[PDB]
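Taking it in order: structure first as structure tokens, then the write-up.
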There are 2 protein chains.
Amino acid sequence: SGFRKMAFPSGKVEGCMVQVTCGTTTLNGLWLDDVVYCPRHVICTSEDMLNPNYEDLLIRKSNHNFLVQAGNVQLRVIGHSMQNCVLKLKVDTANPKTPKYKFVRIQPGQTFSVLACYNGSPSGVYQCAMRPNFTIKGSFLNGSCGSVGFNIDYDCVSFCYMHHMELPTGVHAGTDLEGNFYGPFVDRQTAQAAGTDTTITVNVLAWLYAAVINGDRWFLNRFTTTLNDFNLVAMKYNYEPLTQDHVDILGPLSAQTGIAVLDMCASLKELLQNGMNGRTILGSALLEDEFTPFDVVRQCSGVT
Amino acid sequence: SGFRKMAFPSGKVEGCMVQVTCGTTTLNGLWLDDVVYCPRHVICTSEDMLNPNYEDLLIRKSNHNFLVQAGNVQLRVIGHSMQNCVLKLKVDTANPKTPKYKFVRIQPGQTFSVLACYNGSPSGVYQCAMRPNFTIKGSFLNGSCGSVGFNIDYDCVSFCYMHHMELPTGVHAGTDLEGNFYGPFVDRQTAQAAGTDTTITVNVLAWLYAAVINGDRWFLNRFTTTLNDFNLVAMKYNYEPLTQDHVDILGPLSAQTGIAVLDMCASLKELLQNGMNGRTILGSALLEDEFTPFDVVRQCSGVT
Ligand SMILES: CC[C@@](O)(C(=O)Nc1cnccc1C)c1cccc(Cl)c1
Ligand SMILES: CC[C@@](O)(C(=O)Nc1cnccc1C)c1cccc(Cl)c1
């Protein structure tokens, strides 16, 4: 029993972190096989960041300008290329600690673990959700760029995020491992709007099921609702509209607890309309949306 | 910017986890050098747990009865001994992945990362605080016994906790790595009282400083208080009394923010007396107490 915001064990990712330096800029890189992946803004000075022409900037760089260090050993750079907003530095040595891996582009509302790094060294690990507006609410300081997000399925690491920037609002933006930004963001020091964020409804329902499984049941009521009635309330409270696809993914939790998804929606409706009245759910005084239905099943069943 | 409940990178600990089986009971063990540490209740059947005589139970066991498996390779057991509530199984091979380590007994209110494991395999990592009543609010299911808590200082892992049991209340109890329980708990399936828990006042103040550093300032007020006036409020709200030792540890955060510790105490006093009025602090609708002043400095400065 108990329910925590749990991150994946970070060992397989720690073995891939390297430090990348170009000129006077240092950030993190990800060494998988004989390639090091890092944000392309490693080639910029602070002055370049205001309006960088990455193609022109990269042309003044040669393989020997990219200094890649793994722990205390230097990697020899034999190739360099830009793919979208990431640089791929071909090295002469395959990372001996390369885990089985995939590059995946996650959907908004999905969760992942972040291994925050500075100078190629891991500082901590935490669990994040990609917001519906494609930002992440992380914990990152200058130098954390190149830190990655990932999920693990048995022995396979699916890398889904690489950190690139902090918006003036204090929220974070980054790319998939092909260098494609999540959201409308560009890798330039200019004010950029993150659209309206919404609460991930399917995750809140999943977390309500986790609460029932662990004994926190005070919010269960004698009511039910319909998908259309519930979505009228979701719209009013800036919650994502719930679809039959979301109900279908909640199926296993509905089966295990015997609480129909629409009955849980009616509990969520009353919580939105009346608040928590000074009470808590799983040690939280607000509705938590950074646990997917998959996360709830995994944590509640001890998947390793 | 941003502030997250961050755990230490778990790689160094993942390399130490093993599976220990004795009879029909399987749990986790910690392999450091040529010794495997695990909860002594690995020698019990469910029937023994009601009132075990560990000395008598261990006498019916020989080295060959303890099956220790690291990944897929079997370790040869050449010695066994009981120290308090842990078993130490001497093996013929030193763990090649043994990190630099220490065994430490933490104080209540201190924090640590837990690597939850099942069958010797890591499932997740999360950050915990040892409650003032010496319980932890973890996420553990049957089979998680032997999972450990730890802190890391550069390359040194200080192991501080080994999981042993879940109390009937759903909270968790365990030992230091010498097998000494934190709190009054015994390793027996009998109802056991965890005393009154209190909120870790110095940690809440540290988290309030983290909030100010990250821009959440609405709770700062025009008031101040004294240690004695503040402690009258702390007693009324089941908060730990604040001492000059606690004020001294908050010194660096007071210096960085320019907010005197007693002025932050007056902000905390008003929050306790008036609540949050439907507002949040660092994405929380309650006062968070599982970040120490050390954690706040480390996270806010990017220590790796
Ligand atoms: C220092 C600026 C920047 O490197 C950044 O946001 N870094 C940064 C990242 N995370 C947290 C804090 C900081 C400071 C920057 C700014 C705009 C665009 C891009 Cl691609 C990069
Ligand atoms: C199954 C009982 C027990 O192994 C336990 O609490 N395990 C357990 C641990 N964490 C979470 C869930 C479970 C179930 C037990 C009970 C009393 C005393 C002791 Cl030393 C051990």
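Worth a mention:
- Inter-copy spacing of A:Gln192 label points, which lie 7 Å from Cα along Cα→Cβ, given in nm from shortest upward: 5.2
- Degrees separating the helix B:201-213 axis from the principal Cα axis of chain B, which is the longest one: 60 degrees
- Gain on full extension, evaluated as 0.36 nm per residue between A:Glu47 and A:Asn221 minus their Cα-Cα distance, stands at 56.8 nm.
- Other-copy label distances relative to B:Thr280, 7 angstrom Cα-Cβ extension, nm: 1.7
- Those residues of the stretch B:138-171 whose amide nitrogen sits under 17 Å from the label point placed on B:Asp197, 7 Å along Cα→Cβ: B:138-141, B:163-171
- DSSP bridge pairs, chain A: antiparallel proportion in percent, nearest 5: 90 percent
- Using C-alpha pairs under 8 Å with a sequence gap of at least 6, the mean separation divided by the residue count of the stretch B:15-99 gives a relative contact order of 36 percent.
- Two-decimal log10 I(q)/I(0) for the stretch A:15-99, as the Debye equation yields it once each C-alpha is a single scatterer, q = 0.20, 0.21 Å⁻¹: -0.84, -0.92
- Relative pair counts by distance (%), Cα atoms of chain B, 10 Å bins: 6, 26, 29, 20, 13, 6, 1
- Note on B:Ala260 and B:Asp245: the extension gain reaches 3.9 nm, defined as 0.36 nm multiplied by sequence separation minus the Cα-Cα distance.
- Put simply, the C-alpha atoms of the stretch B:198-301 give a gyration tensor, and the ellipsoid matching it has half-axes of 18, 16, 13 Å, longest first.
- Divided by 2.2 N^0.38 Å, where N counts the residues, the Cα radius of gyration of the protein assembly as shown comes to 0.99.
- Structure-based [θ]222 nm, the protein assembly as shown - -39500 (n - 2.57) summed over DSSP H runs of at least 4, per residue, nearest 500: -7000 deg cm²/dmol
- Too-long pairs where the Cα-Cα distance tops 25 Å, listed order kept, from A:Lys102/B:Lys102; B:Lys12/B:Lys137; A:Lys102/B:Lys5; A:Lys137/B:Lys100; A:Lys100/B:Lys90; A:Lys100/B:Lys12: A:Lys102/B:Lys102; A:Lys102/B:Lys5; A:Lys137/B:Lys100; A:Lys100/B:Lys90
- Net length available on complete extension from A:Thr190 to A:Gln273 is 26.0 nm, with 0.36 nm assigned per residue and the Cα-Cα distance removed.
- When you filter the trypsin sites (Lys or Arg not before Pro) in the stretch A:217-304 for DSSP loop state and at most 11 other Cβ atoms inside 10 Å of their Cβ, you are left with A:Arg222, A:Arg279.
- Inter-copy label distances for B:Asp56: 8.6 nm (label point placed 7 Å from Cα along Cα→Cβ; shortest first).
- Counting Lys and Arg as +1 and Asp and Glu as -1 over every other residue whose Cβ lies under 9 Å from the Cβ of B:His80, the net charge comes to +3.
- The stretch B:1-73: GluC sites (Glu not before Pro) falling in loop per DSSP and having at most 10 other Cβ within 10 Å: B:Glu47
- Each residue, A:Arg105 and A:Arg76, gets one label point 7 Å from its Cα in the Cβ direction; the gap between the two is 3.6 nm.
- Derived scalar couplings between HN and Hα for the stretch A:142-154 equal 4, x, 6, 4, x, 4, 10, x, 6, 10, 10, 10, 6 Hz in order, rounded to whole Hz, by the Karplus curve 6.51 cos²θ - 1.76 cosθ + 1.60 (θ = phi - 60°), x for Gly and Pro.
- If you wrap the stretch A:166-208 in the convex hull of its Cα atoms and look at it from every side, the mean projected area works out to 4.2 nm².
- Set of the stretch A:36-64 residues, backbone N closer than 18 Å to the point 7 Å along the Cα-Cβ line of A:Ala94: A:36-37
- Contact order normalised by residue count of chain B, Cα under 8 Å, 6+ apart, percent: 17 percent
- Distance in nm between pseudo-label sites at B:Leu167 and A:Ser301 (7 Å out along the Cβ direction from Cα): 3.1 nm
Cβ sites come from the backbone with ideal geometry, for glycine too, and all protein chains shown count toward neighbours. Just so you know, all these numbers are worked out from the coordinates, no wet-lab data involved.
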